[PDB]
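These notes are about the structure you will find just below.
All of this is worked out from the model, or read from it or from the source named; no laboratory read-out is quoted. Every residue, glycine among them, receives a Cβ derived from its backbone with ideal geometry; neighbour counts consider all protein chains shown.
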There are 2 protein chains.
Amino acid sequence: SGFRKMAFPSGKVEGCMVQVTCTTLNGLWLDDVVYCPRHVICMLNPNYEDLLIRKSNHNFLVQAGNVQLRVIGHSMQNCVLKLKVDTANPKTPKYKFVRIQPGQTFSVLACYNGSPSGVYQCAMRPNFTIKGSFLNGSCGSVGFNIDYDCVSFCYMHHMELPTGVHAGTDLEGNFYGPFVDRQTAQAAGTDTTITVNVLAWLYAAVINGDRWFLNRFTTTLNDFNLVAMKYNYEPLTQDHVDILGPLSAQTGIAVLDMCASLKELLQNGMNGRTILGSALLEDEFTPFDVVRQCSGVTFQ
Amino acid sequence: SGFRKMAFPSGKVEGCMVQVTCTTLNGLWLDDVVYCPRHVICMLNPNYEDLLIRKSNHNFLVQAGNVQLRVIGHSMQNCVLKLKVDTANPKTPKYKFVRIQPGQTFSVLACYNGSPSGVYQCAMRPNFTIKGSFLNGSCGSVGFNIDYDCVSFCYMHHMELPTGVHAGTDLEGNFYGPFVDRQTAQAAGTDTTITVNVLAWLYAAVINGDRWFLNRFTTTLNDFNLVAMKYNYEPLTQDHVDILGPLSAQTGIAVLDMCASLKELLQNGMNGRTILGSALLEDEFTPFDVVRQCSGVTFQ
Ligand SMILES: *[C@H](O)[C@H](C[C@@H]1CCNC1=O)NC(=O)[C@H](CC1CCCCC1)NC(=O)[C@@H](NC(=O)OCc1ccccc1)[C@@H](C)OC(C)(C)C
Ligand SMILES: *[C@H](O)[C@H](C[C@@H]1CCNC1=O)NC(=O)[C@H](CC1CCCCC1)NC(=O)[C@@H](NC(=O)OCc1ccccc1)[C@@H](C)OC(C)(C)C
């Protein structure tokens, strides 16, 4: 028992990280292609089209530890640069490129100089930013889930916005949110709490023996949303009630009974008490994350 | 910028994990030896001495993915079993065996069936437990730090105590705390807050722009301890003031001024406000952890 913010093991992604110099940042070496942010080639308003067809293959140096990989092509796709290289990565995992939704979680492998430095669990926020830990040289760090032996790549790091929050692309080079890879003043809007994830984490607490917040009440979905939206929580949808069904059956607690417990917690506060050792209601675990951590792991 | 509970990248430890069956749990394959909990051979009060010299090498099966490693010797050291095998692990990292102190942090790679399932950051608690996430079959999961290219192994998982907290050994098979590998009623005592780590994390907050808790006051070490010990914080020692020196110089905030800010926070509470997005003062980052995350990572 116990519940922790757990990342995926990072070894499959570590063997894909390389350095790209044109600026220095990180690239993802899969098959015979290295993917990295196009901004490696720049700043207030660049035209990447020009700067790209203007480079040769010898104007990108790609380092896989000490080994120079020879660039034999360069293409752009959206905000991602693809460098074709002479050698297929012998440590290419089975992988997919996925675009995630706000509320979904993933692991970040933060890299510098093509070298892994740390791993942590993030969520795509409703305002399409992530609250990461990234410094100068982290661009090209990736986000991923593992499903069986399969790495699902969902995020590539491009920029920090004011207020210490992070923006980036899917691996097809498409930004999450309405941000652009230019050094004009952008800002993420006000964020929202991920209601479904908070309920998932209240179920994890009950599975782990932490029951004090349960009450004898029930609520309707509309009465629940009437309270939650006052505290800047996303409205709970029928589809969110449905994906909580498995955690509901496992625990014997109806989703709308857990809603009633969460309603009381928002209106009365915690009274200095904690849940799974937190004084705030956590929103960075999905229903799937709870089930993986509480049972799914034993089948590894 | 940004500050997250960051684990070390786990790839170097993933290539050392194997399954051991005699009971099934995890082993650590370094050089020609597999290390795992001796309790793999059991329950209320076993004598391991007997059960050990009573097994042959064919009574331990060691699986490295699909590959059977042949056992050619078995020795016991404290609460750890060492299985000598015919083959040196070709993915043995540069490594040390270290015993950590209460207050120090490490990464856990939680494994099932010899296969990695997740990574998270833990601290050795003053009561010599860890607050982990471990289920049936997790024994033999390890804790580690990385220093340069060098894995420092500090923890092997053996048991869960009541209240959902975890106990284990160093890699010489020596328990952290006064626990034994027998199924007699044991309990960890009341725990303590790691004062030095809370100050380290208040420095991380200031580095990351979160300044609202700073005040104009100072305190002596004795007046600070007089308050902190009322809130079940460890007394701050001169040695703890010394190891905060670098974070002090970087930020221009004197350690005893940060003590005065922490004093006010303990007596007045946060007023529902947060620091680095937490409503509790966090104690699971050391001074070193702060410096690694805020700058040290760029030199990877
Ligand atoms: C990749 O290594 C880095 C990662 C950054 C470094 C600091 N923290 C990170 O996550 N990426 C950058 O440094 C990028 C690079 C530019 C991106 C587009 C064009 C090519 C260069 N820059 C930033 O991330 C800046 N963000 C930004 O410019 O946002 C728009 C903006 C401009 C002016 C006012 C407000 C907003 C960062 C470095 O700037 C701030 C810290 C001021 C947000
Ligand atoms: C290794 O795979 C597992 C890991 C456990 C599984 C559940 N969570 C974990 O972290 N280890 C165990 O299952 C061990 C194995 C025994 C250890 C010593 C002798 C050989 C078998 N058992 C436990 O971890 C139990 N803890 C325990 O027995 O503590 C002493 C005790 C006894 C009676 C009352 C109070 C305390 C767990 C499974 O028991 C409790 C969950 C009741 C604490």
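Within segment B:178-205, restricting attention to residues that are under 28 Å from B:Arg38 (Cα atoms) and within 14 Å of another protein chain (Cβ to nearest Cβ), which residue is nearest to ligand 2 (Cβ to nearest atom)?
B:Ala188
Provide a single number: the residues in segment A:285-300 that are within 10 Å of chain B (Cβ to nearest Cβ) and of a type in the set (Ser, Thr, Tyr).
2
From B:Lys55, B:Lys5, grab the single residue that is more than 16 Å from ligand 1 (Cβ to nearest atom), part of a loop (DSSP other than H, G, I, E, B), of a type in the set (D, E, K, R) and not assigned by CATH to the domain that holds B:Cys79. Don't jump to the end; show me each part of the working.
Details: B:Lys55 fails: not assigned by CATH to the domain that holds B:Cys79.
On inspection, the qualifying residue turns out to be B:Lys5.
In segment B:210-251, how many are closer than 30 Å to B:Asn127 by Cα and outside any helix (DSSP H, G or I)?
Of the residues in that region, 10 qualify.
Could you check B:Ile100 against (1) part of a strand (DSSP E or B); (2) more than 15 Å from ligand 2 (Cβ to nearest atom) and say which number it fails?
Answer for B:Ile100: the failing condition is (1).
Yes/no per residue for (1) within 23 Å of A:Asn222 (Cα to Cα); (2) hydroxyl-bearing (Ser, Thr, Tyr); (3) outside any helix (DSSP H, G or I):
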| site | (1), (2), (3) |
| --- | --- |
| A:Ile253 | yes, no, yes |
| A:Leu256 | yes, no, no |
| A:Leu262 | yes, no, no |
| A:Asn271 | no, no, yes |
| A:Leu280 | no, no, yes |
| A:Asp283 | yes, no, yes |
| A:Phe288 | no, no, no |
| A:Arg292 | no, no, no |
| A:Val297 | no, no, no |
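Considering segment A:120-131 alone, what residues qualify as being within 20 Å of B:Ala7 (Cα to Cα), part of a loop (DSSP other than H, G, I, E, B) and within 13 Å of chain B (Cβ to nearest Cβ)?
Within segment A:120-131, just A:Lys131 meets the criteria.
If you go through segment B:132-170, how many residues are more than 8 Å from ligand 2 (Cβ to nearest atom), of a type outside the set (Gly, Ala, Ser), under 14 Å from B:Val119 (Cβ atoms) and at the interface with another protein chain (Cβ under 10 Å from one of its Cβ atoms)?
Number of matching residues: 1.
Going by what's in this entry, would A:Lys84 be described as away from ligand 1 (no atom under 16 Å from the Cβ), under 20 Å from A:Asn145 (Cα atoms) and either β-branched (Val, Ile, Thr) or surrounded by fewer than 17 Cβ atoms within 10 Å (Cβ to Cβ) (or both)?
no
Would you be able to tell me the number of residues in segment B:44-69 that are surrounded by fewer than 13 Cβ atoms within 10 Å (Cβ to Cβ) and basic (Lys, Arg)?
1
Among the residues of segment B:104-119, are any more than 8 Å from every other protein chain (Cβ to nearest Cβ), closer than 21 Å to B:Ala200 by Cα and assigned to a loop (DSSP other than H, G, I, E, B)?
Yes - at least one qualifying residue is present in segment B:104-119.
Picking from A:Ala123, A:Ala200, which residue would you name as being away from ligand 1 (no atom under 12 Å from the Cβ), closer than 15 Å to A:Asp283 by Cα and in contact with a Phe, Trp or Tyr (Cβ under 6 Å, 6 or more places away or on another chain)?
Within the list A:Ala123, A:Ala200, the selection yields A:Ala200.
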